[PDB]
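Consider the single chain below, provided in structure tokens and representing the form solved without the partner chain.
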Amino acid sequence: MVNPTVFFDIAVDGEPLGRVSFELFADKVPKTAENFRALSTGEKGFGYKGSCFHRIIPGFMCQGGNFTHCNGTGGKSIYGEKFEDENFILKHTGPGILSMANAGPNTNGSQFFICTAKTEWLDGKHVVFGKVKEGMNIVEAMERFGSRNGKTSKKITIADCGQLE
């Protein structure tokens, strides 16, 4: 069992900030991990490259993953539009947790968030599927471009992304 690793190269109004890498917990949440992995490589013809982190709340999380598709602008999964919550085995235990955004039960698409703190009130509500490996410093730098309501002060985008291992 060897879990895949993916990376994002982050930019601030196009100026390179740095690389964040993630372990995807395919051993626990294979369906969810695979969605994020494929969106990161762009292999289905759509994905995270060029997308923004549109909601960043200091001390809480950085949210991203929207892109244009035939039926909208807030992203979609590799399984059609939405998919079920796979399981809630893993918890939002601390900084660096990678979890799925949603609009209630069984509404996972492409949007995701990276926690910058323990967020236990999300346990059982959002599917945790990965964690930051390298580049937590870069996530902390992203956080400085957020605000209490989540609006970012500069455009925080995924300049490049893909699979490392």
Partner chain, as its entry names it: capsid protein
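Shifts are known only where both forms have a C-alpha. Here the rigid core means the biggest group of C-alpha atoms that line up within 1.5 Å when the two forms are laid on top of each other. Positions refer to the first chain, counted from 1.
Below, we turn to the form solved in complex with the partner chain, even though it does not appear here.
Which one, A26, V128, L122, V139, lies within 4.5 Å of the partner chain in the entry with it bound by heavy atoms? Spelling it out, the residue with a heavy atom inside the cut-off is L122.
Heavy atom within 4.5 Å of the partner chain in the entry with it bound: which of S40, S51, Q63, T116 fits that? Just give me the one. Checking each option against the partner chain in the entry with it bound, the one that comes within 4.5 Å is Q63.
Any idea which of 42-50, 29-37, 95-103, 128-136 reaches within 4.5 Å of the partner chain in the entry with it bound, heavy atoms considered? Of the options given, it is 95-103.
Give a yes or no for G72: in the entry with it bound, does one of its heavy atoms lie within 4.5 Å of a heavy atom belonging to the partner chain? Although the partner chain is absent here, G72 would touch it in the entry with it bound, with heavy atoms inside 4.5 Å.
Non-hydrogen atom contact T68 with the partner chain in the entry with it bound at 4.5 angstroms: Although the partner chain is absent here, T68 would stay clear of it in the entry with it bound, with no heavy atoms inside 4.5 Å.
Fix the rigid core, compare C-alpha positions between the shown form and the other one, and report which of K31, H69, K133, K49 shifts by 2 Å or more. Among the listed residues, the outlier is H69.
Where do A38 and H69 end up in the entry with it bound, Cα atoms closer or farther than shown, with a change of 3 Å or more? Relative to the displayed form, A38 and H69 move farther apart in the entry with it bound - a change of at least 3 Å between their C-alphas.
Just to spell it out: taking the C-alpha atom of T73 and the C-alpha atom of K44, is that distance smaller or larger in the entry with it bound than in the structure shown here, given it changes by 3 Å or more? Residues separate in the entry with it bound, at least 3 Å farther apart.
Once both forms are aligned on the rigid core, what are the runs of 3 or more consecutive residues with C-alpha shifts of 2 Å or more between the shown form and the other one? Core-superposed, just one run shifting 2 Å or more comes out: 68-73.
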